[PDB]
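Presented below, as structure tokens, is a lone chain in the form deposited without this ligand.
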């Protein structure tokens, strides 16, 4: 209630500080890093790259990241703890399910899924004792029958524990509207939910319809852009053709509409990425060499020059994540 669970234990709300609410140490699949570490060069190479990136983010002012990798995104909390220890950056781990649940998850009931999410929040992840501080869910268009169960189980786990929910959307398909409907049918407060990848769309009617009913809006992929890589079909499909400035200006748009307290900003960066095409991490790193430091080093000064007060940006990067993550 007055503590947020991290991969190194509980921290006070004050300790979280500048917080990136949607990040990944490694976007993978369950068991994959253990079974095929050479895909990333080596496990040690992945750790070192992550520690260097988090250290640079910490020098730019970041104090906490929320790693929203789930079980099926290959979340390895022992890896997160090692990297968090070495970089002196808090890492909040996630439960929930992302875009790639295996059969052993896809065949489960809403009650079974709730047990699993509660296990990772209340007891621990695997045998590590590390407890999730957030629940991650996903749709990519209209929800599959199973995804409806996942969203309902996430609501039930959140209602039992006060831990918030954050989502993956196909933003241009307005997924947040169906996600909101399911969450609200289970009695979940919108104040406990971040509708993520919302910077993937320019539709202000969709974004303000979510914000008006109390949802937090995840503008979490600001440096994702393939402008300058139209040659590259896979990178264009993943990153889009909208500039980082266009994405960042949605932060100002929601501020100007009165929603500054409901905005959560992040990079959605990673240090390894096996769940997409080979060498995508190299392509992404050439687009954005600042990595997770892109928000404080480039987005914050950009919004300042566009006239957003520093106090407003401090509220967005410090106050909003603390209010969101604090169990309630």
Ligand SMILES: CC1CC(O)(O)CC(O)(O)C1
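Residue numbers count along the first chain shown, from 1.
The next section is about a form of this same protein that is not shown, the form deposited with this ligand bound.
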### Query
Three residues, 190, 192 and 324; all within 4.5 Å of this ligand in the deposited complex via heavy atoms?
no
### Task
Tell me, yes or no, whether residue 27 is in contact with this ligand in the deposited complex, where a contact means a heavy atom of each within 4.5 Å.
yes
### Query
Taking the shortest heavy atom distance, is residue 98 within 4.5 Å of this ligand in the deposited complex?
yes
### Message
So in the deposited complex, is this ligand close enough to residue 268 to count as touching (4.5 Å, heavy atoms)?
### Response
yes
### Task
Although this ligand is absent from this view, report whether residue 90 comes within 4.5 Å of it in the deposited complex, heavy atoms only.
no
### Message
Give me the residue from 130, 238, 149, 171 that has a heavy atom within 4.5 Å of this ligand in the deposited complex.
### Response
238
### Message
Under the 4.5 Å heavy atom criterion, name the residues of 196 to 213 that approach this ligand in the deposited complex, in sequence order.
### Response
197
